[PDB]
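Structural features, examined
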Protein chains: 2
Amino acid sequence: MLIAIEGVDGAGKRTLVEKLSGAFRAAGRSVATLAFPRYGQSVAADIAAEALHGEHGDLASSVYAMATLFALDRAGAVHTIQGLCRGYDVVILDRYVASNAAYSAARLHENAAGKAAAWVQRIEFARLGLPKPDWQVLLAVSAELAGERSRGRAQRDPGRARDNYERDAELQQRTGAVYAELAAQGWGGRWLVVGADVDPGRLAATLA
Amino acid sequence: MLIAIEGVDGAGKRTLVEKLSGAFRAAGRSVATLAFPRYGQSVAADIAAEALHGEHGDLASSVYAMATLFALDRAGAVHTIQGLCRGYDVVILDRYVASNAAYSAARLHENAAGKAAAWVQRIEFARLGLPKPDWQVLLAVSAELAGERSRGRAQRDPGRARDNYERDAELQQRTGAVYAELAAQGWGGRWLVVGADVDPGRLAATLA
Ligand SMILES: O=c1[nH]c(=O)n([C@H]2C[C@H](O)[C@@H](COP(=O)(O)O)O2)cc1CO
Ligand SMILES: O=c1[nH]c(=O)n([C@H]2C[C@H](O)[C@@H](COP(=O)(O)O)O2)cc1CO
Ligand SMILES: [Mg+2]
Ligand SMILES: [Mg+2]
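Residues numbered from 1 in each chain as written, not as in the entry; some residues may be left out. Chains lettered and ligands numbered in written order. Heavy atoms only, no water. Residues with missing side-chain atoms left out of burial classes, pairs and counts.

Its PDB header attributes the entry to X-ray crystallography and lists the resolution as 2.00 Å.

As recorded in the PDB entry, chain A goes by THYMIDYLATE KINASE and comes from Mycobacterium tuberculosis. The title line of the PDB record says "CRYSTAL STRUCTURE OF MYCOBACTERIUM TUBERCULOSIS THYMIDYLATE KINASE COMPLEXED WITH 5-CH2OH DEOXYURIDINE MONOPHOSPHATE". The UniProt entry for chain A carries the following comment under Catalytic activity: "dTMP + ATP = dTDP + ADP". (UniProt positions renumbered as here; feature names shortened; annotations may be inferred.)

1. With respect to the coordination of the magnesium ion (ligand 3)
Residue and element names in this part refer to chain A. At this site the magnesium ion (ligand 3) is bound by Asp9 (OD) and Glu166 (OE), with donor distances of 2.1 to 2.3 Å. On the criterion of sequence distance, the pair formed by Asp9 in the loop between β1 (2-6) and α1 (13-25) and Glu166 in helix α8 (residues 164-167) is long-range, its members being 157 residues apart. Residue classification places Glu166 among the buried residues on the basis of a relative accessible area of 19%. (Donors = N, O, S within 2.8 Å, 3.2 Å for Na, K, Ca; no water. Helix = DSSP H or I, 4+ residues; strand = E, 2+ residues; numbered from the N terminus. Buried < 20%, exposed > 50% of the residue type's maximum accessible area, 1.4 Å probe, protein only.)

2. Regarding the interface of chain B and chain A
Contacts between the two partners involve 21 residues from chain B, matched on the other side by 21 residues from chain A. Those elements giving two or more residues to the side of chain B that touches chain A turn out to be α2 (43-52), α3 (63-75) and α6 (115-127) of chain B. Here the element with the most residues in the side of chain B that touches chain A is α3(B); it accounts for 6 residues. Its residues placed into classes, the side of chain B that touches chain A shows 12 nonpolar, 5 polar and 4 charged. (Contact = heavy atoms within 4.5 Å. Nonpolar A, V, L, I, M, F, W, Y, C, P; charged D, E, K, R; others polar.)

3. Thoughts on the UniProt feature "binding site: dTMP" in chain A
Residue and element names in this part refer to chain A. This chain's UniProt record puts "binding site: dTMP" on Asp9, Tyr39, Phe70, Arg74, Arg95, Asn100, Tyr103, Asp163 and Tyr165. Following the sequence through the fold, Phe70 ends up in helix α3 (residues 63-75). Beyond its immediate chain neighbours, meaning those up to four positions away, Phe70 contacts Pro37, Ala48, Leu52 and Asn100. Structurally, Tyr103 is set in helix α5 (residues 97-107).

4. A few points about the site of ligand 1
Residues and elements named next belong to chain A. All residues in the neighbourhood of ligand 1 are listed as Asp9, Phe36, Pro37, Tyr39, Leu52, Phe70, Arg74, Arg95, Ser99, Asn100, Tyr103 and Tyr165. Take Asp9: an N or O atom from its side chain is 3.2 Å from an oxygen atom of ligand 1. The contact in question runs from a nitrogen atom of ligand 1 to an N or O atom on the side chain of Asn100, over 2.9 Å. Coverage of ligand 1 by the protein amounts to 93% of the 510 Å² it exposes when considered alone. Counting only elements with at least two residues in the shell around ligand 1, the list comes to α3 and α5. Residue contributions to the shell around ligand 1 peak at 3 residues, all from α5. Its residues assigned to classes, the shell around ligand 1 shows 7 nonpolar, 2 polar and 3 charged. (Near = heavy atom within 4 Å. Polar contact = N/O pair within 3.5 Å; in protein donor to acceptor, adjacent residues only side chain to side chain. Areas by Shrake-Rupley, 256 points an atom, 1.4 Å probe, with all protein chains shown as cover.)

5. A few points about the sheet that holds strand β4 (residues 135-139) of chain B
Residues and elements named next belong to chain B. Here we have 5 strands laid out as an open sheet, ordered β2-β3-β1-β4-β5, and parallel in their pairing. Bordering the open sheet on either side are β2 (31-35) and β5 (190-194), each of which pairs with just one other strand. The average undirected angle you get between the axes of adjacent strands in this sheet is 20 degrees. Alignment of strand β1 (residues 2-6) against β4, held across 4 bridges, turns out to be parallel. The residue bridging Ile5 from the neighbouring strand is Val137, located in β4. Relative to the sheet, helix α4 (residues 78-87) contacts β1, β2 and β3 (90-94), its axis offset from that of β2 by approximately 165 degrees. (Pairing = 2+ DSSP bridges. Axes fitted to C-alpha atoms, helices over the stretch in contact; angles between N-to-C directions.)

Dropping the structure here:
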């Protein structure tokens, strides 16, 4: 089974991933995890990160260019995803194809039914062959609370300064609204919306 | 030996490549050839082409985004280049790293000493590890004559319509001027400037 954890920056995805993986393991299932962007593992992922922190000229100014780098990152991990799925019972991902739809739609002030989300659909799933997730969990959180966690993370960790997207409070709010639409739409597969208080044991029972 | 054939669109590079490869073979050396962008062989190369023909939203509007896709294309062919160099005596390329410097510098109205050309240097050679060419041949031609060949190619071949760069006569002229600077500078390795009348036999003797 392939599970994707989605949400805005500072929503608390990586933590939910560690709590979830533990719950599945306390249930007897082997678990594997992968996080996108795969920093350090692919040039596409790295150039993208550097671009969000101000490098590579006008790269980050193009909404479609950024989406492409993130998609090229995933395209390079297809065999790896399939391998993990064959050998493990559960595979949890920290962000997946839906992040590209939500952020791209939000940067262009479009909704989940817009052209950007449809573009991601056509390129990543149909063309690049990334397998659709069995489940997509949306850790819904107030934009204010999320931004607060992102700002705190930057204050206490020099190698964790916020990037362009994280400094745009408006983009984070719109992205939140697009995510909520994607879920109700069942975009790319079935979704499950949870909050900060979601119980890891029950949650893992819903996804089992 | 690694040889790169550079020049503006319609300069006549592919033809010089077929005439050159024949001259080396008539000299007893095995020859191998590769052309960039590697259309059909890599997603990066294909998205780039589609973008130049009007697809993928605002992608082609970013100078650095296009340069990145072309570089990602090459990055994926490094092992292939090295393999060809080990097994063959001569390897001729239809366009290589210098095209990214010339076109990028020209789109930004910079010269060969500008930041764009320096960026390509840092990312493709130093970071991605593409081997520098032993020789870089610049097929210098009048911008007018080149554009004339590009327009004729489009009239007689439906699958050969000009792309964005080819329709910009001003970009083609500036790109020509940047190329001439790159050569005099010996950018990326030694250069050889030739014209339409260059003799394939002698030329191949200079590169032998
Ligand atoms: O496909 C994507 N599209 C996309 O826009 N992103 C965004 C989310 C962030 O602002 C950034 C990477 O974020 P992070 O390292 O916090 O997961 O890029 C991330 C991905 C996944 O790679
Ligand atoms: O690195 C590059 N940078 C770059 O700007 N180009 C340009 C030249 C063209 O206008 C186009 C591809 O051209 P062509 O198929 O005629 O070789 O992209 C081509 C390459 C090589 O890939
Ligand atoms: Mg982030
Ligand atoms: Mg061309």
